[PDB]
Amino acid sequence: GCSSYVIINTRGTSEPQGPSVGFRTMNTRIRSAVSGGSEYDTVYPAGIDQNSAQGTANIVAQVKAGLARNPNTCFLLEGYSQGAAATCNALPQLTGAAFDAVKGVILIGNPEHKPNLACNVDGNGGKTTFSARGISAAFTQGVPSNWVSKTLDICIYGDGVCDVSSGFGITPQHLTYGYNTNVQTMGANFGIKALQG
């Protein structure tokens, strides 16, 4: 599998520039499990206006720059909240080598959550948000079908951002992913398997 990789980490609205709260536990475990890793915390405002275009631009730029520097480089893309929308929008721009280098995509509280994608799980790995529509799903594409087999889209029941049927907007459940034991284990398991084969 991968001997060198970058975890690209795109944070939620109003999180300070830095690692997201969403993936710190699973990232510690992946980094310990797979050597030759580093992290890119996507540079963008994560602004209340929900404009993530600079986020998508820097995810694409970082993959393309990582491959130009060393075509052996693998990637995990991680997106939470506004960052999960940024990550979704980056996928159609990552084709060919860039497509093949991204081994896994981990999304939590995805505004672009789409019904019935094989990548869809709830906080326990179950189906309670399997047919859920994110708050932005009516006017966005989310995870393209050619990405679904290497995506894990985690939507906790009652998170109104990824499941409009289970709540209104930014519910308490939307804020619980970073310290949900099962979310962190599933994410870690998924990431290691993606980097290792």
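From 1 onward, residues are counted along the sequence shown.
> On average, are the C-alpha B-factors higher in 26-34 or in 157-165?
Looking at the record's C-alpha B-factors, the answer is 26-34.
> Higher average CA B factor in the deposited record is what I'm after, so tell me if that's 107-115 or 122-130.
If you average the C-alpha B-factors of 107-115 and of 122-130, the larger mean comes out for 122-130.
> Which of these, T56, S136, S145, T151, has its C-alpha atom at the highest B-factor, as the entry lists it?
In this record, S145 carries the highest C-alpha B-factor of the candidates.
> Among the modelled residues of this chain, does the Cα B factor of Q184 put it in the lowest, middle or highest third?
Tercile = middle for this residue's CA B-factor.
> Using the temperature factors of the C-alpha atoms in this entry, rank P45 within its chain: lowest, middle or highest third.
It belongs to the middle third of the chain when residues are ordered by C-alpha B-factor.
> Quick one: classify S81 as lowest, middle or highest third of the chain based on its Cα B-factor.
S81: CA B-factor falls in the middle third of its chain.
> Pull the Cα B-factor of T171 out of the PDB entry and bin it into the chain's lowest, middle or highest third.
It falls in the bottom third of the chain.
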